[PDB]
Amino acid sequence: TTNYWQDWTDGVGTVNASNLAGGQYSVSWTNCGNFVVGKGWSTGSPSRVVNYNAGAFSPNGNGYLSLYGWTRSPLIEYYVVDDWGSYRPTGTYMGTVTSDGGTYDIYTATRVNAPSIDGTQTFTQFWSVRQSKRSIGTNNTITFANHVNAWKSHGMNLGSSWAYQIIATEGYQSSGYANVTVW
């Protein structure tokens, strides 16, 4: 079961996040800047099988619902995006991976002197982005090892030191509401 609760915001606008029982959380936001809220594990694993059910995911504008986490050595921010609002995230196309009933586009990107778990840093993003939005309100599995191993085939090797790993609601200059249960 989950062991970790993340409630990060850059403090712009209003983000109200609730650490509910077990693997459940909710977040309501109005005119946010950037925030990343969710539940999962304080140390990620490349072989974790993650399940969630988004009781609600209703961004008004830009928001993502993703498996989300970080490695160090080197510093990598990674995403498996199952749902989004007005904006589908993309980067430099690498290929596709088919997992858990969906097909995902694989992307890389460089973030130059940008916010990170270690402050301002230059780092890399690894993305799997579903080609269509996954159903909301259903029990959804992300078999993360499929993504890790697809990424590996494109030279997208994760770092050797694992930080947190969560099913994250992320907003950017938007408003919305989400309620998610993770296990």
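Numbering starts at 1 and runs along the sequence shown. Throughout, rigid core stands for the largest set of C-alpha atoms superposing within 1.5 Å between the two forms.
Of the stretches 112-120 and 139-147, which sits farther from where it is here in 6 other deposited structures of this protein, on average over its Cα atoms, after fitting the core? Taking the RMS over all superposed structures in 6 other deposited structures of this protein, 112-120 lies farther out.
Of 28-36 and 53-61, which one has the bigger average CA B-factor? So the stretch with the higher mean C-alpha B-factor is 53-61.
Mean Cα B factor from the PDB record: higher for 140-148, or higher for 111-119? The entry gives the higher C-alpha B-factor average to 111-119.
Among 174, 165, 169, 160 - the residue whose C-alpha B-factor is largest in the record: Comparing C-alpha B-factors across 174, 165, 169, 160, the maximum falls on 160.
Tell me which of 125, 128, 132, 66 tops the list for C-alpha B factor in the record. Most elevated C-alpha B-factor of the set, per the entry: 132.
For residue 1, return the chain-relative third of its C-alpha B-factor as stated in the PDB record: lowest, middle or highest. As the PDB entry reports it, the C-alpha B-factor of residue 1 lands in the highest third of its chain.
Ordered by C-alpha B-factor within the chain, which third holds residue 83? Give me lowest, middle or highest, please. Middle third, going by the recorded CA B-factors of the chain.
Lowest, middle or highest third: where is residue 76 by Cα B-factor in its chain? As the PDB entry reports it, the C-alpha B-factor of residue 76 lands in the lowest third of its chain.
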